[PDB]
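Chemist: Structure in structure tokens, see below.
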Amino acid sequence: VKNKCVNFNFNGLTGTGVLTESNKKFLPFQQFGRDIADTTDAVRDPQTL
Amino acid sequence: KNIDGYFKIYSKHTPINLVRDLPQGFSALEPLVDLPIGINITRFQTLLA
């Protein structure tokens, strides 16, 4: 579910946020993105890439 | 590279026109594959056709 306040855990990361589609293109190896403060801001969805 | 019980491989396929020596430049090395081998490796040899 996207664009909605949901408590989520991807691969057990945990946290609360708003899931939105991202135009940024991860490199194939990467799974987790992070912000300047080393806080998780972007993730790669486990079930569907 | 072998780290934390894992054996990782990197790659790059940059095209160059200077045959003499190593080109000034910057190619990053992405992690191609990861595999959990984990050996206390001490020696090294290459195989030439």
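In the structure tokens, chains take the letters A, B, ... in the order shown, each chain's residues start at 1, and ligands count up from 1 in the order shown.
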Could you give me, as an MDAnalysis selection string, each residue of chain B that DSSP assigns to strand (DSSP E or B) when run on this structure's backbone?

Modeler: chainID B and resid 2:3 6:11 30:35

Chemist: Those residues you just picked out, can you put them in a file as a PDB file, in the first residue's frame with C-alpha atoms?

Modeler:
```
ATOM      1  CA  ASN B   2      37.296 -12.446   0.778  1.00  0.00           C
ATOM      2  CA  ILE B   3      35.676 -10.895   3.863  1.00  0.00           C
ATOM      3  CA  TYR B   6      32.300 -14.448   2.131  1.00  0.00           C
ATOM      4  CA  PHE B   7      34.193 -14.420  -1.188  1.00  0.00           C
ATOM      5  CA  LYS B   8      33.258 -11.395  -3.313  1.00  0.00           C
ATOM      6  CA  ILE B   9      34.071 -10.583  -6.955  1.00  0.00           C
ATOM      7  CA  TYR B  10      34.164  -7.213  -8.783  1.00  0.00           C
ATOM      8  CA  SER B  11      34.317  -6.254 -12.463  1.00  0.00           C
ATOM      9  CA  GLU B  30      30.807  -2.819  -8.519  1.00  0.00           C
ATOM     10  CA  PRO B  31      30.386  -6.006  -6.452  1.00  0.00           C
ATOM     11  CA  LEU B  32      29.588  -8.534  -9.179  1.00  0.00           C
ATOM     12  CA  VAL B  33      28.731 -11.582  -7.045  1.00  0.00           C
ATOM     13  CA  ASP B  34      28.841 -12.509  -3.361  1.00  0.00           C
ATOM     14  CA  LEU B  35      29.461 -16.058  -2.170  1.00  0.00           C
TER      15      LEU B  35
END
```

Chemist: Based on only C-alpha atoms, which of the residues in chain A come within 10 Å of chain B? I want them as JSON, numbers by chain.

Modeler: {"A": [27, 28, 29, 30]}

Chemist: Skipping near chain neighbours, those fewer than 5 positions away, what residues fall within 12 Å of stretch 31-39 of chain A using only C-alpha atoms, listed as a PyMOL selection string?

Modeler: chain A and resi 10-11+13+15+22+24-26+44-46+49

Chemist: For residue B:5, find every residue with an atom within 6 Å (counting only C-alpha atoms), except residues of its own chain fewer than 2 positions away, and show them as a ChimeraX atom specification.

Modeler: /B:3,36-38

Chemist: Please produce an output containing N, CA and C atoms for each residue in the selection, written as a PDB file, in the first residue's frame.

Modeler:
```pdb
ATOM      1  N   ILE B   3      35.939 -11.600   2.613  1.00  0.00           N
ATOM      2  CA  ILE B   3      35.676 -10.895   3.863  1.00  0.00           C
ATOM      3  C   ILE B   3      34.638 -11.706   4.626  1.00  0.00           C
ATOM      4  N   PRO B  36      29.640 -17.239  -0.019  1.00  0.00           N
ATOM      5  CA  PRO B  36      30.213 -17.441   1.332  1.00  0.00           C
ATOM      6  C   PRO B  36      31.276 -18.540   1.418  1.00  0.00           C
ATOM      7  N   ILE B  37      32.483 -18.261   0.924  1.00  0.00           N
ATOM      8  CA  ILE B  37      33.502 -19.308   0.900  1.00  0.00           C
ATOM      9  C   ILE B  37      34.315 -19.312   2.194  1.00  0.00           C
ATOM     10  N   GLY B  38      34.963 -18.191   2.517  1.00  0.00           N
ATOM     11  CA  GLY B  38      35.687 -18.078   3.774  1.00  0.00           C
ATOM     12  C   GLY B  38      36.942 -18.908   3.990  1.00  0.00           C
TER      13      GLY B  38
END
```

Chemist: To one decimal place in Å, what is the distance between atom CA of residue B:20 and atom CA of residue B:1?

Modeler: 27.8 Å

Chemist: Within 10 Å of residue B:26, counting only C-alpha atoms, which residues show up once you throw out same-chain ones fewer than 3 positions away? Write them as a ChimeraX atom specification, please.

Modeler: /B:14,23,29

Chemist: Please, could you write that set of residues out with N, CA, C and O atoms as an mmCIF file, in the first residue's frame?

Modeler:
```cif
data_model
loop_
_atom_site.group_PDB
_atom_site.id
_atom_site.type_symbol
_atom_site.label_atom_id
_atom_site.label_comp_id
_atom_site.auth_asym_id
_atom_site.auth_seq_id
_atom_site.Cartn_x
_atom_site.Cartn_y
_atom_site.Cartn_z
ATOM 1 N N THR B 14 36.032 -1.098 -18.985
ATOM 2 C CA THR B 14 36.273 0.226 -19.563
ATOM 3 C C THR B 14 37.022 0.125 -20.892
ATOM 4 O O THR B 14 38.024 -0.595 -20.978
ATOM 5 N N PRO B 23 45.748 4.245 -17.695
ATOM 6 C CA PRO B 23 45.168 5.558 -17.993
ATOM 7 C C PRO B 23 44.774 6.309 -16.735
ATOM 8 O O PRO B 23 44.298 5.723 -15.759
ATOM 9 N N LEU B 29 34.379 -0.029 -9.004
ATOM 10 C CA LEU B 29 34.274 -1.475 -9.152
ATOM 11 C C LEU B 29 33.005 -1.907 -8.431
ATOM 12 O O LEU B 29 32.915 -1.788 -7.204
#
```
